[PDB]
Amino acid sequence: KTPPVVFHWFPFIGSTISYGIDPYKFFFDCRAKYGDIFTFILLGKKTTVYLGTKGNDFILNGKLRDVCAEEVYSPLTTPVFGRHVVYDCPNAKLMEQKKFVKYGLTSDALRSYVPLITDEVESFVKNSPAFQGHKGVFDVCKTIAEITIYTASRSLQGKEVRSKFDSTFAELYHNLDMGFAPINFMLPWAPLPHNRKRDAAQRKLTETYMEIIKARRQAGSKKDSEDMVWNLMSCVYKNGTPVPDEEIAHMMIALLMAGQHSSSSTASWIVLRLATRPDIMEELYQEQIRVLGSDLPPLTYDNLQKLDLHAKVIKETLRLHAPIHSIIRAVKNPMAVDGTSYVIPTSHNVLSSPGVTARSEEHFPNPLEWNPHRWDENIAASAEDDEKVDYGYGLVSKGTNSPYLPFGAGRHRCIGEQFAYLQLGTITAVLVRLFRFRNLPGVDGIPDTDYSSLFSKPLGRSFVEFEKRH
């Protein structure tokens, strides 16, 4: 039926289970049965998978009013972030909003962020119950969720938001995060208790961001450089309107969720991998000394650059683990194929999977092997000998043909990528200073992945040993 249809027992439910349990195996099988294009049903909608590098190009460089993102996302996201931002607007508005955020993340801000993030990771160690003592075990995901949330908030969100995380400002985010409950895939409007709580969180949070904002202006200052003093002025659209406190409030919320979903997961995988690879961790420690100096002086915007393998660790973890597995778009007008029989209908979605190409023998030898050293030919923030475009938030890669595209591509491309690197880099390096990790029992491996919520993370409550260095 048009592009072939995956074989499913059930209506509506269709293939929904096989995707949910694992999207990658589900995808590798469908490649083996129908090649690079199949169509499956996910919760009562026909979703077309165009795999492969050309497949990534199709959707992410799709033209604006053939594929539409904000129509797939808005009913889940808008209750969560707040109205009038991100998906709550026509693309044109999302481009401007990105530009504000990108403007906020200039190298001068990143620099300013580095000491703050080290400060937050050093204090957490000194002060949290998690690493008390010379040797012990810790719950990686919970510990790491705390560290990432503290560091991001301190730098990006600012002092108030940060200190608010000592007051129960985290009941809220926890409660807000319920809006990403899988059920909410179709039921986001329905007022089950979790949905009601999220609306409670959303109200309170938004108020709180606004009190912060107004109170600053109530004194007419600047301090130094988070996204928000940033947005406070770093906010005028083409039309010439300053961004309202409410849109500032909701972007801050959206950014918070984005980092948290993304960086927490990755950093946890970073921790677990090292835990299985004491050779690597000790290779990193030794790299610090060599490039870094035996003194081991503090980290800076400048030094982290020199940490070549540290960066390769993050890169290679991202290769196997990038949380996002599936980028979905609403097909609006029938799309003609590259030299093939097929027409892609309206009332189809399309789904690209960056990770598949990145786990492929065709692009990567021995793909399932987690080996940083495979980048002993290459290092970048994701970089390309390929095209670039300004969709309204500055020149960025169209040149998005790489098999490795973990930050996406095209007009929706991630703009957190440097900050992610800034942070994950800063976090892992510190942890490399202070610790050796190793696997818990004498029974070892790497835990499975919970793909089930739309973003991937480690499935387990996974503890790992730790031993300090002094």
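Residues carry their position along the shown sequence, with the first being 1.
181 to 189 set against 110 to 118, stretch whose average Cα temperature factor tops the other in the entry: Comparing 110 to 118 with 181 to 189, the higher average CA B-factor belongs to 181 to 189.
Greater mean Cα temperature factor according to the PDB record, 29 to 37 or 424 to 432: Higher mean C-alpha B-factor in the PDB entry: 29 to 37.
C-alpha B-factor winner, where the candidates are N366, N231, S263, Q202: Answer, based on the entry's C-alpha B-factors: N366.
C-alpha B-factor winner, where the candidates are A145, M257, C235, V161: Spelled out: the listed residue with the top C-alpha B-factor is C235.
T206, C-alpha B-factor rank within chain (lowest, middle or highest third): Lowest third, going by the recorded CA B-factors of the chain.
Relative C-alpha B-factor of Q418, binned into the chain's lowest, middle or highest third: Lowest third of the chain for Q418's C-alpha B-factor.
Third of the chain's Cα B-factor distribution that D22 belongs to, per the entry: Highest third of the chain for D22's C-alpha B-factor.
Record-listed C-alpha B factor of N303: chain third: Middle third.
Where the record places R411 (Cα B-factor, split into thirds across the chain): Lowest third of the chain for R411's C-alpha B-factor.
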